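[1] quick one: experimental structure and sequence below.
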Amino acid sequence: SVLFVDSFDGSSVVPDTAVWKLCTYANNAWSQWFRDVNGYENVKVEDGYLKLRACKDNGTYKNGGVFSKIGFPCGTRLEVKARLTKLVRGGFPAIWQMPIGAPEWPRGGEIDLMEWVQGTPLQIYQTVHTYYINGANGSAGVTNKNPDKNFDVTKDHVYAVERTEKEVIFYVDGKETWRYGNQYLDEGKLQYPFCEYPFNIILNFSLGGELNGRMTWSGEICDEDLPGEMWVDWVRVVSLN
Ligand SMILES: CC(=O)N[C@H]1[C@H](O[C@@H]2[C@@H](O)[C@H](O)O[C@H](CO)[C@@H]2O)O[C@H](CO)[C@@H](O[C@@H]2O[C@H](CO)[C@H](O)[C@H](O)[C@H]2O)[C@@H]1O
């Protein structure tokens, strides 16, 4: 019941400009190293994978990411099949959704199908962020309390979420990993906003490191290990029947 799908096996060498835009500078951890990325230099399509890359070109760090113009409502499931080429110390690869036309983050929500941090190398993080949860100034999220801690991010896996009016469910290789639930409170507390906007698709490989001279989460960057790609074999959204 297939709503949208990219298997990156097109005529073309870069993800279809109809659907996909490139991530851009922002004074936060993931977005920092977008500033000064010359066009599509960290993003290509090649034997059927979207290949997102992180390098340090001449002194200065470069992230590789795109996101969808288009969003999707509740009653969908998102599926992203991806590996990392290698564990990169300071890597910060991300498969996530984000709301289009939401009041300022986090109010309208954020959903993370996969993120990776050098600190817990044998584990990924499936995480949900709201206003209710974080604060505004907070950005901790709520991750699987009881996750998989012998995981190999460098094999292909299929990262995945369901959004219903009722709740957000995460999967990995098609096993449920855990869920966050609408509690149906005073809609004011913005406890569960994940259906009030459409949520998009954001694929990136960012470098972490220092930020305004305070170290971020993905921790210290090791140049030795650069570059590193994340390959998205494909991306699929499915209405539920
Ligand atoms: C703490 C932080 O960096 N927050 C930004 C947010 O976050 C990410 C994490 O919370 C999560 O783990 O997923 C990825 C993994 O790489 C991020 O690190 O991302 C949003 C959207 O880009 C940010 O927001 C935007 O900020 C700008 C101002 O710079 C703008 O004002 C806009 O309203 C807001 O959406 C977080 O800063």
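    Perfect, I can see it now. Numbers count the residues shown, from 1 in each chain.

[2] make it CA atoms for all contacts and neighbour counts henceforth
    Will do.

[3] just give the number of residues close to residue 92.
    Residues lying near residue 92 (other C-alpha atoms under 10 Å) number 24.

[4] quick check: it touching residue 114?
    No - counting by C-alpha atoms under 8 Å, residue 92 stays clear of residue 114, with 10.1 Å between them.

[5] output the set of residues of this structure in proximity to the ligand.
    Contacts of the chain with the ligand, taken as C-alpha under 6 Å from any ligand atom, map to 26, 27, 28, 29, 30, 92, 94, 104, 105, 139.

[6] for the last one, what are its contacts?
    When contacts are counted by C-alpha atoms under 8 Å, 6 or more residues apart in numbering, residue 139 touches residue 129.

[7] do you know how far it is from residue 232?
    Using C-alpha to C-alpha, to the nearest Å, residue 139 is found at 26 Å from residue 232.

[8] what residue lies at the spatial centre of the chain?
    When C-alpha atoms, centre = their mean is applied to the chain, the residue found nearest the centroid is residue 95 (2.4 Å).

[9] now for the host helix or strand of it, which elements pack on it?
    Using DSSP states H and E, residue 95 sits in strand 91-97. Here strand 91-97 touches strand 110-115, strand 202-207, going by 3 or more C-alpha pairs under 8 Å, 6 or more residues apart in numbering; DSSP states H and E.

[10] kindly recompute the last result at 10 Å.
    Counting contacts by 3 or more C-alpha pairs under 10 Å, 6 or more residues apart in numbering; DSSP states H and E, strand 91-97 is packed against strand 49-57, strand 64-68, strand 76-84, strand 110-115, strand 127-129, strand 157-163, strand 202-207, strand 228-239.

[11] residue 185: which of these is closest?
    strand 127-129 (16.8 Å; C-alpha to C-alpha).

[12] for that closest one, what is the distance to the chain centroid?
    11 Å (C-alpha atoms, centre = their mean, to the nearest Å).
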